[PDB]
Every structure is written in C-alpha cells, then in structure tokens.
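Structure file work33.cif; described as mmCIF, C-alpha atoms; chains and numbers go by the auth columns.
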```
data_protein
#
loop_
_atom_site.group_PDB
_atom_site.id
_atom_site.type_symbol
_atom_site.label_atom_id
_atom_site.label_comp_id
_atom_site.label_asym_id
_atom_site.label_seq_id
_atom_site.Cartn_x
_atom_site.Cartn_y
_atom_site.Cartn_z
_atom_site.B_iso_or_equiv
_atom_site.auth_seq_id
_atom_site.auth_asym_id
ATOM 1 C CA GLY A 1 36.888 61.309 61.518 0.00 1 A
ATOM 2 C CA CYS A 2 40.335 62.513 60.473 0.00 2 A
ATOM 3 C CA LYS A 3 41.173 62.456 56.763 0.00 3 A
ATOM 4 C CA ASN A 4 43.420 59.725 55.360 0.00 4 A
ATOM 5 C CA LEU A 5 46.541 60.101 53.218 0.00 5 A
ATOM 6 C CA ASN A 6 46.301 61.894 49.871 0.00 6 A
ATOM 7 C CA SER A 7 43.054 63.344 51.222 0.00 7 A
ATOM 8 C CA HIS A 8 41.860 66.415 49.319 0.00 8 A
ATOM 9 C CA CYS A 9 42.333 69.220 51.846 0.00 9 A
ATOM 10 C CA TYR A 10 42.811 72.992 51.775 0.00 10 A
ATOM 11 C CA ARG A 11 45.921 74.869 52.904 0.00 11 A
ATOM 12 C CA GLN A 12 43.587 76.670 55.309 0.00 12 A
ATOM 13 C CA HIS A 13 42.634 73.856 57.683 0.00 13 A
ATOM 14 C CA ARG A 14 44.266 70.503 58.438 0.00 14 A
ATOM 15 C CA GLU A 15 41.929 67.749 59.635 0.00 15 A
ATOM 16 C CA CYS A 16 44.468 65.134 58.544 0.00 16 A
ATOM 17 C CA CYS A 17 44.969 62.059 60.726 0.00 17 A
ATOM 18 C CA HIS A 18 47.874 61.890 63.177 0.00 18 A
ATOM 19 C CA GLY A 19 51.060 61.760 61.126 0.00 19 A
ATOM 20 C CA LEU A 20 49.795 63.458 57.975 0.00 20 A
ATOM 21 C CA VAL A 21 49.933 67.132 56.998 0.00 21 A
ATOM 22 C CA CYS A 22 48.201 69.365 54.453 0.00 22 A
ATOM 23 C CA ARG A 23 50.744 70.052 51.709 0.00 23 A
ATOM 24 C CA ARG A 24 50.648 70.692 47.961 0.00 24 A
ATOM 25 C CA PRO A 25 51.917 68.093 45.454 0.00 25 A
ATOM 26 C CA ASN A 26 55.278 68.235 43.678 0.00 26 A
ATOM 27 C CA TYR A 27 54.036 68.409 40.087 0.00 27 A
ATOM 28 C CA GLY A 28 50.617 67.755 38.586 0.00 28 A
ATOM 29 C CA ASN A 29 49.095 70.132 36.047 0.00 29 A
ATOM 30 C CA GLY A 30 48.222 73.751 35.326 0.00 30 A
ATOM 31 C CA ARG A 31 44.776 74.357 36.797 0.00 31 A
ATOM 32 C CA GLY A 32 44.219 72.264 39.908 0.00 32 A
ATOM 33 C CA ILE A 33 46.360 73.371 42.841 0.00 33 A
ATOM 34 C CA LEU A 34 44.673 71.126 45.406 0.00 34 A
ATOM 35 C CA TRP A 35 46.481 70.253 48.635 0.00 35 A
ATOM 36 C CA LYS A 36 46.526 66.699 49.991 0.00 36 A
ATOM 37 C CA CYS A 37 47.416 65.100 53.325 0.00 37 A
ATOM 38 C CA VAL A 38 51.015 63.900 53.031 0.00 38 A
ATOM 39 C CA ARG A 39 52.978 61.733 55.462 0.00 39 A
ATOM 40 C CA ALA A 40 54.944 64.335 57.418 0.00 40 A
#
```
So, in terms of structure tokens, how does the structure I just supplied come out?
Amino acid sequence: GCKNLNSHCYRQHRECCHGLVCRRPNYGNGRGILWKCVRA
C-alpha cells in the first residue's frame, strides 16, 4: 500500500499515495535529513 502523508521516505524512490510527493522538510535539526511525503 502507498505511504501516507509525512511518511518517512527516501529521495530515491517515491511510493507516496496519489497526491503526495517525497520532499525534505523546511527546518528540523542538524543530523537527520529524512524526506517525507508532502502534499504536492
């Protein structure tokens, strides 16, 4: 099943549900550049 919103995903693939896209957050912290499925 497709991943939901804010789903921990890599910039490599993109198994996000229809409407979402794998993109990095605006600002979080130093170590921890994890991409999440955002509402495109």
Checklist entry - Please, what distance in Å, to one decimal, runs between CA of residue 30 (chain A) and CA of residue 6 (chain A)? => result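 Computed distance, CA of residue 30 (chain A) to CA of residue 6 (chain A), equals 18.9 Å.
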Item to check | Residue contacts of region 9-11 of chain A (7 Å, only C-alpha atoms) excluding same-chain residues fewer than 5 positions away, as a ChimeraX atom specification | outcome: /A:22-23,34-37
Next on the checklist: To one decimal place in Å, what is the distance between CA of residue 18 (chain A) and CA of residue 31 (chain A)?
Outcome noted: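 Between CA of residue 18 (chain A) and CA of residue 31 (chain A) the gap works out to 29.3 Å.
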Item to check | Spatial neighbours of residue 33 (chain A), max dist 10 Å, all atoms listed in the file, sep filter under 4 positions, as JSON, numbers by chain | outcome: {"A": [10, 24, 25, 27, 28, 29]}
Next on the checklist: List the spatial neighbours of residue 21 (chain A) as a ChimeraX atom specification - criterion: any atom at most 9 Å away, all atoms listed in the file, same-chain residues fewer than 3 positions off excluded.
Outcome noted: /A:5,14-18,36-40
